[PDB]
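Undergrad: heads up, no residue letters with this:
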């Protein structure tokens, strides 16, 4: 039941009025990424308030392609009131940890499709295709021979199955269509035609709207303002009006959390005119893996300052970094500026899945003797994948970046050497992962080049296991490396000290290898 | 003494650092209109603060083409500190009343050129022309045969002289060049090239910059942000960078007073989709003077709601209203939206001076027996002219609007009738104006049609004085009109009652005549 | 007699239909610059054709602010049919030489105001000002003590008079208002509101429209296309619709002569990514006169390749060149691209008149013993001034560029020397000019630095006449310089050879002096 359009005009309602149209057991899809990016905050707030006041609606299913929130009480954390949500499928879980908490405690059914696969299944749902065939996820916890993407013990129903085509294994992921959408844009006309001129990016707003619309659902869109019918540039319109059922106008809508005014550099409308610590060390060694002409991706973690190090070395313009949510290029002057392009998120993942990335840089929580990497669960807590599986599945060079030990490791770089001031108290290189986010065996089968970079050592994955290929100056092999791991790596016959320039507090004069 | 450019880059300073470059006895020209429009607030604040702290700099001369401020302590009122300013030439004095107070008390030398003539003289100063020849002002206080534009008794030097060309009278206004400019834009590149994309209008920013630059002065410009060299659209750049000496960046610069975020309807970037009181009555009768296809101007005051009345009557698109500061057309949804064009202020006044307006609607403070109107001084207070003289000098039809009496005048409309519940304590129709803002004699000599509209009576100017042509129903000629004026009007043989439709609280069914 | 507007829509007519509204003896003002820039070609064509067929209208007066045409039969040359034009006032006469031919033969009345002053007088006429006061022209043929800007014997009426303000000499130029305008834009809406998005520049279209409109005239505008009412961006509209009386739509309208399709680099919408001969030699020496941060102007002629020379030496981004018709900066890849800004022409001339140019480069036809320069008439032919007087009157450094002799002068730069292969038959440095375009005496009174650069010699103007300051290597002082002049220059005690690098066919390693 949806409010009728009067003379073609899209119904405009308060967020409180809009959420009254959500029935019990509805499947709700929520647009947005971390830190307020493209989040219909007034709709989430209104829903959470209605449940707080009336204990309705009940037993909702949530689909969240990307993780919303601030790793605390924002994002969809407000929907984690018991009885409101019964079932969730999310691409990243760590961003709204109150929902994660419900999953950890077996209070909701909980699934993690790889974020890119998730958005592709919503696009499949829009076209009434039953599911998608992808080899993204084979050999990991998403594989039905492992956990089938199920995050807790109460989750039982199989959404993923093994299929075979052209003498190769694939996973078939079931496509689930939502009943309700909370989407957002900058502006729409009186009929619902929407533009994204001030938004940080596009994500999968159109795909979400199509999936809900073609499932007989209700699309609710938050905007900053409305304009006269047919006055927006048709090539700037990203969502056609006939896909939108209800519009909520929030004049104070901001690009990100924090209530900062609109920044037109972030909009893309204008062109904007480092201590040697542990982080800069790892970022510098990570840069050694870049080649001229390479298309790369850098995940959040110890290496995510590689762009700034590249700038210092004078080679930032020699390669291009993309972000899985859609932005291509740009600089950090919680959003980049001077981007070169913004693609929709589903199209970006299509590119990643077919091995478009020459190199990726990813954090790890644990690494085992088979070269497997665990990231989706940490110390009991559900973190989820994000784009981790979508990126590490087929990228040509996979560069894992982290420390060798965890738990307040403190290191100092002095006199061209590494000095371990305070050792970590937890091993990260362990015998066997409890659950796998990246499969060493599959990466080798796919012919991928896998590196593990730490502050004190560098490894490469080979058929016989991890090879130790580099050691930092100032570090002892036995006490500082071997004694701090729970398996024995192969020691490379070509074992060398890590490059001297890495440990000097001056410009390296580093030249990127040719294309 | 100006800060040098380094590699062609315009010097960027704090407002505090910038105002240090102002010497004693400098001529300061300040850009801006009422309510914050294009006001370089951080520079005004910085100068006022320097004086408050150090009693320097001393004995400045101020030129203010338009009136800045809120009719209180904002605008250039903070510069009214004793000894800071010794001489001022302004187009509109009432908007910054603390400076007007100095003039009233003979503490500063004080002049009032018509606002349009003033901006034209600054343009002449840019070109090193000694002054301009115009008949705007003949017969008014601006005329040397009256007060020569001098606002008090202490002001003695003649700036204006009477001259003759082609056997016709004209005034010669001396052009005065400023030494320092406080200007403002939205955005500039690293070399100072500036765009006005978020500003309400343009005013005379380029004129002021050229006048100061060609006088060997210092142009200081406030902007919201700066961008990379040569990235702005060349057809959007209004001020070339070589005219700019110092830039001050104020990230929180707002379009108007009150700190509201940028409104993109006000910017001109998007298209936006009445009690029968005394003000509505006068506006309604004023609308009777409008013709199909007319170009008009509406001043601030009793009839400034005429746009909304025309919208109610369904004839708003049948004429066009222009504003002397530049905007053409638009609607009131702190500024207008859906404008049709924005001209620079000086070009707008060129249009007005040559008789471009078919009709204008202006408020009056007093009217005398000759049809002279007084506006620039009332009750000993200096208001100044604004555009009043530029508009009432040559417009084809001049419609003065106000009340017959003032001071607690209480009126009510009942049964299509006017009832004066409480009379005003002061008469506005007097024997003789002390100072003239508009000459009845000159208007008749120019062949102009002059009307005076009040709530209870309508007059027309003829060679033998004001003719009473219309009376409100419910009003007695003798005791409500004649006894309430300090002079004897001619009573028209064609005297009739004011249209009954004006006094009915419903749509009039009024259609605009076409000449 | 104008076609009436229907429901506010501007009348749209064919060019043939439009020109029928021009009465006998009308004063016609024609917008445009050289080579088709902003020219309403269909209107010029239709008028010439109406006259060819009907011998009406008769005895028109022409005002041409800038020079139109291709220095041959285009521009307003088609209007040079006997009896069509009786009177003309043009800023630049050589661009349409068929009309100049009529002037030379005493068949029309013929005046030349400096181009900048001419556009200022049109702006005065819009405001009903009788004329303008300017010292631009003092001591030249425009001065009424010389020719009063009269170009032939049949021109008698005085339009310019000498006046005095503040003990300084000025000229008063009478403002003449036109009756008909031929203007042009890219696009207008149904009400006549016009934008210039594809035009090369703006010239003075608004000024011309206002002048004609306020004189009760008829403004006729050619456009490429028309769009729905109120759909153009208000900050892009340059001409308000109420100024336009008739629109002619020419879908084939091109940016310049020659019928090439629209070039969006010329529009300003996109950013675009030398033989050692006589011209390059003079341009190289002219470049020595530039300084970092200087604002310059380069006139048509031998030195007009100085931009390309600066680019070869890598210093093009260190200064800025402006063009009197409005464009600021840019490069030659028929018009420039990558411009930094476009001003309206009248505003540009205001800037020049006030001494805004640090340096200018101008061609000469003849130079006399007092340092006077002649350009406006040569060999009986009327060339006119263009912006020559506006630029050479107050620019801080004036650099005249030409050859010492003319008439099949053949020269070659070989072996780091100048070799005069064939000497020019005509001397350009003569005793006395018959008419003066630039006064040496006035330049020295105004404190200006005046240089004369030829291929073989460089001079500077001093109180005692021309000082020879440099000689080319390979040239004999007596036979190649002194013998080829009709007067004796002072030979500088600091006389030197022209820089060796000028004559070598390799990059000079020239470095611009600091600001």
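TA: Cool, got the structure. Numbering: from 1, shown residues only, chains lettered A, B, ... in the order given.
Undergrad: hey, let's count contacts and neighbours off CA atoms from now on
TA: Noted.
Undergrad: mind listing the helices for the stretch 401-515 of chain A?
TA: A:440-445 (DSSP state H, counting those that start in this stretch).
Undergrad: quick check, the residue in it closest to chain C?
TA: residue A:515 (23.6 Å; C-alpha to the nearest C-alpha).
Undergrad: let me see the contact set for the nearest residue to that residue once chain neighbours are set aside.
TA: Nearest non-adjacent residue to residue A:515, counting by C-alpha to C-alpha, 6 or more residues apart in numbering or on different chains: residue A:292, 4.9 Å away. By C-alpha atoms under 8 Å, 6 or more residues apart in numbering or on different chains, residue A:292 lies in contact with A:318, A:319, A:512, A:513, A:514, A:515.
Undergrad: narrow the residues you listed to those that are buried.
TA: The neighbour-count criterion (16 or more other C-alpha atoms under 10 Å in any protein chain shown) marks A:318, A:319, A:512 among the contacts of residue A:292 as buried.
Undergrad: pipe the residues you listed into CSV and attach distance to chain C per row.
TA: Compiled in CSV, these are given as follows (distance: C-alpha to the nearest C-alpha, whole Å):
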residue, distance to chain C
A:318, 19
A:319, 20
A:512, 25
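Undergrad: kindly indicate which of the residues you listed lies nearest residue A:141.
TA: Comparing the buried ones among the contacts of residue A:292 against residue A:141 with C-alpha to C-alpha places residue A:319 closest, at 32.9 Å.
Undergrad: wait, the closest one touches residue A:287, no?
TA: No. Using C-alpha atoms under 8 Å, residue A:319 makes no contact with residue A:287, being 10.8 Å away.
Undergrad: next, count neighbours for residue A:440.
TA: 26 (other C-alpha atoms under 10 Å in any protein chain shown).
Undergrad: how far away is it from residue A:388?
TA: 14 Å (C-alpha to C-alpha, to the nearest Å).
Undergrad: equivalent analysis for residue A:36, please.
TA: 21 Å.
Undergrad: likewise residue A:98?
TA: 22 Å.
Undergrad: again, but for residue A:126
TA: 25 Å.
Undergrad: could you do residue A:262 as well?
TA: In terms of C-alpha to C-alpha, residue A:262 sits 31 Å off from residue A:388.
Undergrad: in terms of neighbours, single out the busier of the two.
TA: Applying other C-alpha under 10 Å to residue A:262 and residue A:388 shows that residue A:388 carries more neighbours, namely 23 against 17.
Undergrad: mind listing what the closest residue to chain B within the stretch 301-450 of chain A touches?
TA: Using C-alpha to the nearest C-alpha, residue A:338 is the residue of the stretch 301-450 of chain A that sits closest to chain B, at 10.4 Å. Neighbouring residues of residue A:338 by C-alpha under 8 Å, 6+ apart: A:265, A:268, A:270, A:271, A:272, A:329, A:330, A:331.
Undergrad: now for the residues you listed: which two are most distant?
TA: Checking the contacts of residue A:338 with C-alpha to C-alpha, the most distant pair is A:270 and A:329, at 14.8 Å.
Undergrad: gap between stretch A:448-468 and the chain center?
TA: Relative to the chain's own centre, stretch A:448-468 is displaced by 24 Å; criterion: C-alpha atoms, centre = their mean, to the nearest Å.
Undergrad: next, give phi and psi for the residue most central in space within chain A.
TA: Closest to where the C-alpha atoms of chain A average out (C-alpha atoms, centre = their mean) is residue A:386, at 3.4 Å. When read as degrees, to the nearest 10, the backbone of residue A:386 gives phi 60, psi -140.
Undergrad: repeat that for residue A:18.
TA: Residue torsions, per degrees, to the nearest 10, at residue A:18 are phi -60, psi -50.
Undergrad: what about it, how many residues close to it?
TA: Residue A:18: 23 neighbours (other C-alpha under 10 Å).
Undergrad: that one and residue A:1: what is the separation?
TA: 12 Å.
Undergrad: report the contact partners of the residue of the stretch 401-515 of chain A closest to chain C.
TA: Contacts of residue A:515 (C-alpha under 8 Å, 6+ apart): A:291, A:292, A:293, A:294.
Undergrad: okay, helices next: where are they in chain A?
TA: Ranges of helices within chain A are A:15-19, A:41-54, A:97-104, A:115-126, A:205-213, A:264-267, A:278-287, A:306-313, A:345-353, A:388-392, A:440-445, based on DSSP state H.
Undergrad: residue A:48 contacts residue A:78, doesn't it?
TA: Yes. If you go by C-alpha under 8 Å, residue A:48 and residue A:78 touch, sitting 5.8 Å apart.
Undergrad: tell me the contacts of the residue of the stretch 51-200 of chain A found nearest chain B?
TA: Distances between the stretch 51-200 of chain A and chain B by C-alpha to the nearest C-alpha are smallest at residue A:190, namely 7.7 Å. For residue A:190, the contacting residues are A:9, A:10, A:226, A:227, A:228, A:229, B:273, by C-alpha under 8 Å, 6+ apart.
Undergrad: now it: how far from residue A:243?
TA: Counting by C-alpha to C-alpha, the gap from residue A:190 to residue A:243 is 13 Å.
Undergrad: likewise for residue A:102?
TA: Residue A:102 is 33 Å from residue A:243, by C-alpha to C-alpha.
Undergrad: between these two, which one's more packed in?
TA: residue A:243 (22 against 18).
Undergrad: so who does that one touch?
TA: A:192, A:209, A:210, A:213, A:219.
Undergrad: mind checking how far stretch A:225-244 is from the chain centre?
TA: 29 Å.
Undergrad: give me the beta-bridge partners of the nearest residue to residue A:484 once chain neighbours are set aside?
TA: Distances taken as C-alpha to C-alpha, 6+ apart place residue A:427 nearest to residue A:484, at 6.2 Å, with adjacent residues excluded. The partner list for residue A:427 in beta bridges (DSSP bridges) reads residue A:405.
Undergrad: isn't residue A:427 right up against residue A:405?
TA: Yes. Counting by C-alpha under 8 Å, residue A:427 touches residue A:405, with 5.0 Å between them.
Undergrad: before we move on, back to that, got a winner among the contacts of residue A:338 for most neighbours?
TA: residue A:329 (23 neighbours).
Undergrad: and the gap between that residue and chain C?
TA: 20 Å (C-alpha to the nearest C-alpha, to the nearest Å).
Undergrad: again, but for residue A:387
TA: In terms of C-alpha to the nearest C-alpha, residue A:387 sits 36 Å off from chain C.
Undergrad: count of neighbours near residue A:235?
TA: 7.
Undergrad: what's the answer for residue A:138, then?
TA: Residue A:138, neighbours per other C-alpha under 10 Å, totals 23.
Undergrad: what of residue A:333?
TA: 11.
Undergrad: domain assignment for chain A?
TA: A:1-273, A:274-515 (curated CATH domains).
Undergrad: buried deepest among those domains, which one?
TA: When those are scored by mean count of other C-alpha atoms under 10 Å in any protein chain shown, the highest mean neighbour count falls to domain A:1-273 (a mean of 20).
Undergrad: how long is that domain from one end to the other?
TA: Domain A:1-273: ends 51 Å apart by C-alpha to C-alpha.
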